[PDB]
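Participant: give me a 3D structure for the following:
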Amino acid sequence: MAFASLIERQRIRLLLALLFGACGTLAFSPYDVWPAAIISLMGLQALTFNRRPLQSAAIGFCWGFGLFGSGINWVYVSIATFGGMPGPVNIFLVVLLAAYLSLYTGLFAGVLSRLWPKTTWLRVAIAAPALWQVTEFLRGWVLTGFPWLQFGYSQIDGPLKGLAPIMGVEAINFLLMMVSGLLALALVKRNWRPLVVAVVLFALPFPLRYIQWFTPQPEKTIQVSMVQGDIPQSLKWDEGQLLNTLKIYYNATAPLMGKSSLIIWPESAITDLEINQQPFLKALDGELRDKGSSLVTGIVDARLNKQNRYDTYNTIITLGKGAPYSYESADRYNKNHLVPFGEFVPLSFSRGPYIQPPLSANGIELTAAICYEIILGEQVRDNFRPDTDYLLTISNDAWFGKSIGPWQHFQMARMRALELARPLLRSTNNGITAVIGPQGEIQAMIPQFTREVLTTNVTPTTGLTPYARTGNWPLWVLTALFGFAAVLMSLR
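Facilitator: Numbering: from 1, shown residues only. Now the structure:
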């Protein structure tokens with residue numbers, strides 16, 4: 001046989017693209033193999049060499065489909081269990097989602113091989129990172145976006161973690177696409193120059209991780225007790241289980257009063273309207289103030305708005321010491337970035353303001369996010385303020401079941417703590433509830449899929465990271481400069 005007549009064939013290239021896309025899903029939290037991201041990106045860029053724009057677009061689409069048919073398949077658990085659509089219909093829906101998410105990768109590959117047909121360093125090192133940044137922005141922006149499975153999140157424990165506090169996780173996405181292509185440039189061509197360049201560009205951010213952009217405050221250390229109720233997702237929105245859920249949470253929280261300064265309940269812990277459960281909240285706030293503590297809990301609130309029609313918000317509310325409860329109080333967080341097909345129909349929860357004040361609780365200012373909102377770095381940074389002590393996130397991962405989705409969500413949550421240099425207090429109904437340190441490090445974690453309480457001492461951090469001080473625009477300026485240079489050098 002032969003091994004040179006097979007690679008040149010297009011069908012073999014499509015199969016290899018599928019294989020590399022599938023293998024790239026091993027780079028995230030359930031498996032935590034950061035070399036898999038590099039290998040997958042190297043395969044993506046190397047298989048598109050010497051290809052026509054249409055063929056390369058097809059190869060990129062196949063690579064994206066391989067990535068998104070295995071990296072995100074837990075969505076099946078969110079459809080088969082919760083929904084009357086039969087098994088084949090759920091499979092078709094998952095396939096449609098994977099194809100839609102791979103359309104952006106196909107577009108990226110097609111544009112890359114149209115504007116930059118020849119395999120040179122200008123393509124792998126200059127054009128590919130900028131075009132990948134633009135494509136990922138489009139994927140995370142169009143139709144409310146879905147910026148899931150970004151290889152920058154795979155470097156939390158990797159060498160390039162310290163680049164996140166300076167320029168943001170997407171900057172890692174810029175570098176991983178930049179380095180891997182150079183490796184690809186050293187693989188197809190027997191030239192050690194791209195290998196040396198990639199090694200240098202990968203080993204430079206490694207010393208840039210011992211820098212602490214935060215100052216710990218060993219005088220405001222408080223005991224936080226996050227409650228994981230493990231309420232089943234099948235009966236959560238039932239009137240018969242409303243009383244049982246309240247009893248479970250209250251009996252889990254009552255011993256914690258007087259010993260934990262802050263108590264946190266998961267997203268939509270009170271599965272009832274905020275106006276309906278007024279006496280319970282008032283009595284709870286009175287008891288919390290008597291013992292001395294603050295409770296931050298998720299709830300669904302109905303507001304008559306200005307047109308006298310109800311506006312439904314998925315809110316986080318605060319009660320107790322340092323934050324008295326009232327139905328009309330600014331100490332509240334309304335979820336802004338709703339989950340498509342889970343809370344609204346694109347093309348019915350309402351959207352809160354994009355910028356909201358941080359929650360105040362017993363003298364502690366919390367930057368709050370809800371479930372899906374924690375994966376959006378830009379929104380969290382915009383809501384972040386210098387006075388913030390901890391990053392607050394409440395979620396409900398029971399939809400995804402016993403799958404890889406919860407861990408990917410947890411890793412994307414840890415990336416926010418790494419970027420903003422603030423402790424992250426993640427609470428979930430049955431998912432991963434943890435206290436992520438200022439460097440994206442797990443300081444505490446309780447077993448998943450059980451009814452437990454995570455009670456640990458946590459220390460605030462002050463100071464601003466370069467990312468939290470300038471934002472995401474330096475990365476966009478670098479991307480624009482690289483794209484302009486690559487385009488201007490392509491007109492010849």
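
Participant: what sits against the residue positioned nearest the centre of the chain?
Facilitator: Ranked by distance to the mean C-alpha position of the chain (Cα atoms, centre = their mean), the top residue is residue 375 at 2.3 Å. Neighbouring residues of residue 375 by Cβ atoms under 8 Å, 6 or more residues apart in numbering: 147, 148, 409, 412, 413. Every C-beta, even on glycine, is put in place using the N, C-alpha and C of the backbone.

Participant: from residue 68, how far out is residue 90?
Facilitator: As judged by Cβ to Cβ, to the nearest Å, residue 90 and residue 68 stand 16 Å apart.

Participant: neighbour count: those two, which is higher?
Facilitator: Between residue 90 and residue 68, counted using other Cβ atoms under 10 Å, residue 68 has the larger neighbour count: 27 against 18.

Participant: list the buried residues for the helix or strand hosting the more buried one?
Facilitator: Using DSSP states H and E, residue 68 falls within helix 53-70. Under the neighbour-count criterion of 16 or more other Cβ atoms under 10 Å, helix 53-70 has 53, 55-70 buried.

Participant: spit out the contact partners of the residue lying closest to residue 148 once chain neighbours are set aside.
Facilitator: Spatial nearest neighbour of residue 148, excluding adjacent residues (Cβ to Cβ, 6 or more residues apart in numbering): residue 72 at 5.9 Å. Counting by Cβ under 8 Å, 6+ apart, residue 72 touches 97, 98, 101, 148, 149, 405.

Participant: A strand includes residue 72, no?
Facilitator: No. Checked against DSSP: H, G, I helix; E, B strand; the rest coil, residue 72 lies outside a strand; its state is coil.

Participant: quick one: it from residue 64, how far?
Facilitator: 11 Å.

Participant: cool, residue 295 as well?
Facilitator: Applying Cβ to Cβ to residue 295 and residue 64 gives a distance of 43 Å.

Participant: sorry, back to before: which residues do residue 72 and residue 64 both contact?
Facilitator: With Cβ under 8 Å, 6+ apart as the test, residue 72 and residue 64 both reach residue 101.

Participant: tell me which helix or strand comes right after the top helix by length along the chain.
Facilitator: Ranked by residue count under DSSP state H, the longest helix found in the chain is helix 87-115. Moving toward the C-terminus from helix 87-115, the next helix or strand (DSSP H and E) is helix 121.

Participant: got the angle for the following helix or strand past that next one vs helix 87-115?
Facilitator: Scanning forward in sequence from helix 121 by DSSP H and E, the next helix or strand is helix 128-141. If you take axes from the mean of the first three to the mean of the last three Cα atoms, to 10 degrees, helix 128-141 sits at 150 degrees to helix 87-115.

Participant: now do the helices in the stretch 351-492 of the chain.
Facilitator: For the stretch 351-492 of the chain, the helices defined by DSSP state H, counting those that start in this stretch occupy 377-383, 405-420, 466-470, 473-490.

Participant: quick one: contacts of the longest one?
Facilitator: Okay, so that is helix 473-490. Counting by Cβ under 8 Å, 6+ apart, 115-116, 122-123, 126-127, 129-131, 133-134, 167-168, 170-171, 174 sit against helix 473-490.

Participant: among those, which one lies nearest to residue 78?
Facilitator: residue 170 (26.2 Å; Cβ to Cβ).

Participant: quick check: the closest one touching residue 155?
Facilitator: No. Using Cβ atoms under 8 Å, residue 170 makes no contact with residue 155, being 11.8 Å away.

Participant: got the contact list for the residue nearest to residue 162 when sequence neighbours are not counted?
Facilitator: Nearest residue to residue 162, sequence neighbours excluded (Cβ to Cβ, 6+ apart): residue 209, at 2.7 Å. Counting by Cβ under 8 Å, 6+ apart, residue 209 makes contact with 159, 161, 162, 163.

Participant: residue 209 in helix, strand or coil?
Facilitator: Residue 209 - assigned by three-state DSSP - is coil.

Participant: how much space is there between it and residue 460?
Facilitator: Per Cβ to Cβ, residue 209 is found 22 Å from residue 460.

Participant: now residue 174
Facilitator: The value you get for residue 174 to residue 460, if Cβ to Cβ is used, is 31 Å.

Participant: and the two? Which one has more around it.
Facilitator: Ranked by neighbour count (other Cβ under 10 Å), residue 174 and residue 460 place residue 174 first, with 24 against 21.
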